[PDB]
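The data below hold one chain only, encoded as structure tokens and taken in the form deposited in one PDB entry.
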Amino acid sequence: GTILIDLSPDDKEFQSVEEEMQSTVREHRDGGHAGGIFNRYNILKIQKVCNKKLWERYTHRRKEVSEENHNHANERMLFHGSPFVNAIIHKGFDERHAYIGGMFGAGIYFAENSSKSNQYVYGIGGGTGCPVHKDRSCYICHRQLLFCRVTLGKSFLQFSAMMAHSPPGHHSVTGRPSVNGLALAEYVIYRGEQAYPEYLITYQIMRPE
């Protein structure tokens, strides 16, 4: 069902996605261990992910959520990094894509910081790095992130020092940073239907000069 349509770099939609990718890079407390050392990315391709079935799966759930939340889906655009990216874009998000050991329980995790999702591209803690060089900080191998439309609904605020169910009466969990000054928020949904994998970004991390 899925088709991938390339966006021209001249297209304002390309530029706005690249800008969110680039401007949400931060330094991480692991000093680059999981995701590599970089301040910016070389964006190689942005593709729009088009799947009618999956989109309708998403908009149905979004409607259910907003109807439970005074007509407010609380929709965000958030990054997602995973070794299952290629599965996700064909079959949609489901329980196989959950971070089982996550600080907010077994759910599917999204980030405001692109560099945060970048840590999971090769797996939990960056795994053993790129399959070709076994290097978590590879500057050569091509990486992929998703920029996703996500329905938060009523989100449970977890103040935090940084498949299951949502907490009763909520539709998601918000991981609010309570120590790392510059960290952006992280979010968890417990229904895969509450996200749609809208953009596939192919990129490299870049070596600082």
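Shifts are known only where both forms have a C-alpha. Rigid core (definition): largest C-alpha set, two forms, superposition within 1.5 Å. All residue numbers are counted from 1 along the displayed sequence.
Below, we refer to the form deposited in another entry, which is not included among the displayed structures.
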query: Only residue that shifts (Cα, 2 Å or more, rigid core superposed) between the shown form and the other one, among 145, 54, 173, 183; finding: 183
query: Pairwise C-alpha change, residue 180 versus residue 16, in that other deposited form against this form - closer or farther, 3 angstroms or more; finding: farther
query: Outcome for the Cα pair residue 182, residue 16 in that other deposited form, compared with this form (closer or farther; change of 3 Å or more); finding: farther
query: Once both forms are overlaid on the core, stretches between the shown form and the other one of 3 or more residues with C-alpha shifts of 2 Å or more; finding: 96-100, 178-184
